[PDB]
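Structure first, then comments.
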Ligand SMILES: Nc1ncnc2c1ncn2[C@@H]1O[C@H](COP(=O)(O)OP(=O)(O)O)[C@@H](O)[C@H]1O
Ligand SMILES: Nc1ncnc2c1ncn2[C@@H]1O[C@H](COP(=O)(O)OP(=O)(O)O)[C@@H](O)[C@H]1O
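Chains as they are written, first to last, in the numbering used here: chain R, 103 to 360; chain F, 786 to 1041; chain P, 786 to 1041; chain A, 2 to 49.
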């Protein structure tokens, strides 16, 4: 029941809500999903579901479902008790076996390949996985949480991603709102970042913010968000490179040439 | 016996369950036809469960998920045959299934070479082997099961004609829940109860007029597989025990 | 004589039978121009079995269950462990048929590259075998067994010119099912008697007039496949010998 | 098929210089062996 807390940083009255919705499902062991756009602050949330569960005792391995080897998929996922180096006592590890009693994080689910998608399937609800070799398969108790920024329904129409896997996985999908829509925690997010930032670049103390600064930073549709705010602020700050006069200028894109 | 975890009262699922009993005795393979998510799996157990097939080790394997070489190999690959490589070769699911009821899912979506072999196995109790010529002859009772139109596939040659045309004696329907309209309510209730005993609530407070309206107007592509995800989803949206539910959710990709 | 199944009373059936006898003794490639469900390898079996040597194996099984490159693997197989997916030497398909004769199901289905491999090999009879080595030759009579107008495919260049003429040494076009007239009834009878023999029925009770009219109407897509399933399935649903058969199960997948 | 440089799996193998000598050890006759073994015994002072 212990709470990690970390950096909730939400003053949205909709991030509050976001925290509230996930909290109810934290105890739950059902498959879940997390959906975010290019700038959504979702990695913390996957941890905030498992951080808040009874099985908070469990290990929280989270694989990157996009980078696995096509060829080693069978081995990587399951693993083979015989290990290596002959009569060696060292046993093979495994993917799904190394997450019993703890939440498993799957990322880039939409991007995950057809071989991976078919391979998932059949292990999601059955609970039995058999390592290459042998005649015995052992049930694992593993909690599926999936984070994706891509739109699943469109993928289903295309046929690129199997429809059944998506349907079976996550009864409830958490909704994350874009930053242009928070619109409120920027005064707060922006300072927090900048405050960190001052010690990473080794300044003492923030100068302060011009009103204009805040006219620009409110006023913009912020394409691929949050992370975006950090970048707009972190650069702009190191840019300025001092602590006499307050911060006066922020650049949205360091592309434009001048 | 092993059928209450199914239910129904619309005469449709009634005539389905009536059918099961008569054909339960017969060991020889049957054909099971029904929509995606509508009793193929729940039904499957009942055939095995009927006293005629109750004793054996029942194995169900889906074919829509499996690969070209993998699918053929899994049913019967290198059980007795010895060849370079292929270490720790096994009999596979079909061999293990023998002496018990078997159900290989999604017969229509299978490799054409594999389909021909399957039909041969069904006929005259003979199973081919890469190693010894001696063919195994065990009366495993496995019935082919498909959801879509098998006959349509044969016209274009997608499905081997012989495999279907032989076992097109014993077809059984699983109607959608679209059609049912009576089983909805009673199932609603059952699942509901289960998700609140799951979250530790006092009591299931029932439905509203509005709830039912939307329940019964909704087209319900998915059936119990579907409905149930939705039933529980709606359960969890409320989490108190005072007034009956009036907000429900068929599409969690919606915003508000 | 292999019980002489599917006798055709109609002259067209008989003429083709006479033509087949002349063909079997000599080593000439033979092509069959019959529609699926009609002339289904029945005669293929006749033409390997009426030949000078019945000793040679009749592997057949060249249904296009393989879309492209697999067909090559199905055919000339692979070399002595060379390349990906190979663990041992695979003789394949003509080397297996050797001494005997070969049959092709929807020769029209295979890709031009496979065609081109058929033509070079047959004259010489030497086969490359994909992996490659020293040219190897064996003598096999070819039978081929397609379903649409073939000249279409060279008129729209999809069938190789030299290969097509060389391969259809001699056509044996075959009868449609609808073209058979009074042979329906005989078919019906044969199949009905065979069926009651299979299901251990005492005797056959006969037919009625209503079922007779139903058969007289029907369009009948399959020469063998469409009508045979109908009659045995009629006989299975009946399962009795006291009352004559009156009900027809026309389509096994019809609702309710 | 296709040509590529992928990876396979499932096997077992291990060896070392000293173990090797231990393995070749049983391939030769006792009389011819005892010779090899006498030679060890000059080199090693605590083995009799
Ligand atoms: N509520 C928050 N509190 C603190 N930092 C946040 C918050 N939301 C976003 N961030 C910052 O933005 C980044 C979000 O990246 P991430 O969630 O991994 O993107 P994605 O979910 O698209 O992969 C984090 O590195 C984090 O520092
Ligand atoms: N009456 C019931 N009681 C308990 N569980 C049920 C009932 N009806 C359906 N289910 C569950 O719903 C699931 C529906 O699966 P389904 O989509 O029919 O699989 P398939 O598509 O392979 O037939 C089944 O796995 C079954 O356990």
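Don't be surprised by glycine CBs; every beta carbon is placed ideally from N, CA and C.
Identity of the residues DSSP links to residue i by a beta bridge
{"i": "residue 928 of chain P", "result": "P:815 and P:888"}
{"i": "residue 230 of chain R", "result": "R:241"}
{"i": "residue 157 of chain R", "result": "In the DSSP output, where bridge partners are listed per residue, residue 157 of chain R has none listed."}
{"i": "residue 874 of chain P", "result": "P:865"}
{"i": "residue 847 of chain F", "result": "F:890"}
{"i": "residue 1030 of chain F", "result": "F:992"}
Beta-carbon proximity check, residue i vs residue j, cutoff 9 angstroms
{"i": "residue 817 of chain P", "j": "residue 928 of chain P", "result": "yes"}
{"i": "residue 912 of chain F", "j": "residue 879 of chain F", "result": "yes"}
{"i": "residue 280 of chain R", "j": "residue 327 of chain R", "result": "yes"}
{"i": "residue 167 of chain R", "j": "residue 211 of chain R", "result": "yes"}
{"i": "residue 871 of chain P", "j": "residue 863 of chain P", "result": "yes"}
{"i": "residue 810 of chain P", "j": "residue 837 of chain P", "result": "yes"}
{"i": "residue 269 of chain R", "j": "residue 1014 of chain F", "result": "yes"}
{"i": "residue 888 of chain P", "j": "residue 826 of chain P", "result": "yes"}
{"i": "residue 972 of chain F", "j": "residue 1020 of chain F", "result": "no"}
{"i": "residue 204 of chain R", "j": "residue 277 of chain R", "result": "no"}
{"i": "residue 852 of chain F", "j": "residue 220 of chain R", "result": "yes"}
{"i": "residue 969 of chain P", "j": "residue 1012 of chain P", "result": "yes"}
{"i": "residue 915 of chain F", "j": "residue 860 of chain F", "result": "no"}
{"i": "residue 907 of chain F", "j": "residue 835 of chain F", "result": "no"}
C-beta neighbour in chain A for residue i, strict 9 angstroms
{"i": "residue 977 of chain P", "result": "no"}
{"i": "residue 236 of chain R", "result": "no"}
{"i": "residue 308 of chain R", "result": "no"}
{"i": "residue 1026 of chain P", "result": "no"}
{"i": "residue 852 of chain P", "result": "no"}
{"i": "residue 179 of chain R", "result": "no"}
Beta carbon proximity, residue i to chain F, threshold 9 angstroms
{"i": "residue 873 of chain P", "result": "yes"}
{"i": "residue 1037 of chain P", "result": "yes"}
{"i": "residue 361 of chain R", "result": "Not covered by the structure: residue 361 of chain R. The range shown for chain R is 103 to 360."}
{"i": "residue 931 of chain P", "result": "no"}
{"i": "residue 127 of chain R", "result": "yes"}
{"i": "residue 894 of chain P", "result": "yes"}
{"i": "residue 982 of chain P", "result": "no"}
{"i": "residue 121 of chain R", "result": "no"}
{"i": "residue 749 of chain P", "result": "Outside the modelled stretch of chain P, which goes from 786 to 1041, sits residue 749 of chain P, for which no answer is possible."}
{"i": "residue 1040 of chain P", "result": "yes"}
Residue-chain proximity (residue i, chain R), Cβ-Cβ < 9 angstroms
{"i": "residue 10 of chain A", "result": "yes"}
{"i": "residue 13 of chain A", "result": "yes"}
{"i": "residue 946 of chain F", "result": "no"}
{"i": "residue 22 of chain A", "result": "no"}
{"i": "residue 910 of chain F", "result": "no"}
{"i": "residue 885 of chain F", "result": "no"}
{"i": "residue 7 of chain A", "result": "yes"}
{"i": "residue 1007 of chain F", "result": "yes"}
{"i": "residue 847 of chain F", "result": "yes"}
{"i": "residue 1010 of chain F", "result": "yes"}
Short CB-CB distance (under 9 angstroms) between residue i and chain P
{"i": "residue 16 of chain A", "result": "no"}
{"i": "residue 938 of chain F", "result": "no"}
{"i": "residue 869 of chain F", "result": "yes"}
{"i": "residue 4 of chain A", "result": "yes"}
{"i": "residue 805 of chain F", "result": "no"}
{"i": "residue 842 of chain F", "result": "no"}
{"i": "residue 866 of chain F", "result": "no"}
{"i": "residue 901 of chain F", "result": "yes"}
Counting only runs of 3+ residues fully inside the segment 791–835 of chain P, write out the beta strand (DSSP E) ranges in chain order.
-> 815–818 and 821–824
Which runs of the alpha helix (DSSP H), 4 residues or longer, sit entirely within the segment 942–1004 of chain P?
-> 946–952, 968–983 and 994–1002
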